[PDB]
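Undergrad: Quick one: experimental structure and sequence below.
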Amino acid sequence: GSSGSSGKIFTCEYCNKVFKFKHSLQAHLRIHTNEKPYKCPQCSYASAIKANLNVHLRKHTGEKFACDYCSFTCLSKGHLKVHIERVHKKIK
Ligand SMILES: [Zn+2]
Ligand SMILES: [Zn+2]
Ligand SMILES: [Zn+2]
């Protein structure tokens, strides 16, 4: 079990989420923004373009795997793991 201190906490007033760091919540709020006319039914994915959406939707194939560190989503699982060892890591 992790053992450390904790002053304050950052809670998201959108999806009742929580983030240890601040920058995490800020960048996260990104998905919590609807300024485009075309919105995605699956997620909060929106784009002024029409095609972009059509292609995006295709991405939704059952269940995606979101990164524990960042908000990176991948179709496969194994890839996600490597993404954390390559992106969130620079040591073989
Ligand atoms: Zn949120
Ligand atoms: Zn979507
Ligand atoms: Zn990641």
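TA: Ah, there it is. Numbers count the residues shown, from 1 in each chain. Ligands and ions are numbered 1, 2, ... in the order given.
Undergrad: Can you name the residues that contact the residue nearest to residue 37 when sequence neighbours are not counted?
TA: Leaving aside its sequence neighbours, residue 37 sits nearest to residue 48 (Cβ to Cβ, 6 or more residues apart in numbering; 6.8 Å). Any C-beta I mention is one placed from the backbone N, CA and C, and that applies to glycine too. Taking Cβ atoms under 8 Å, 6 or more residues apart in numbering, we find residue 48 in contact with 36-38.
Undergrad: which one of those is nearest ligand 1?
TA: Closest to ligand 1 out of the contacts of residue 48 is residue 36 (17.9 Å), distances taken as Cβ to the ion.
Undergrad: okay, now the closest one: neighbour count?
TA: Residues near residue 36, counting by other Cβ atoms under 10 Å, number 14.
Undergrad: mind checking how far residue 24 is from ligand 1?
TA: Distance of residue 24 to ligand 1, computed by Cβ to the ion, to the nearest Å: 11 Å.
Undergrad: which element is that residue on?
TA: Residue 24 belongs to helix 22-28 when assigned by DSSP states H and E.
Undergrad: Other residues contacting the following helix or strand past that helix?
TA: Downstream of helix 22-28, the next assigned helix or strand under DSSP H and E is helix 51-59. Defining contact as Cβ under 8 Å, 6+ apart, one finds that helix 51-59 is touched by 38, 40, 42, 45, 47, 75.
Undergrad: As JSON lines, those with neighbour count and distance to ligand 1 would be great.
TA: As requested, those are exported to JSON lines (neighbours: other Cβ atoms under 10 Å; distance: Cβ to the ion, whole Å):
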{"residue": "38", "neighbour count": "15", "distance to ligand 1": "21"}
{"residue": "40", "neighbour count": "15", "distance to ligand 1": "16"}
{"residue": "42", "neighbour count": "10", "distance to ligand 1": "16"}
{"residue": "45", "neighbour count": "17", "distance to ligand 1": "14"}
{"residue": "47", "neighbour count": "15", "distance to ligand 1": "19"}
{"residue": "75", "neighbour count": "13", "distance to ligand 1": "22"}
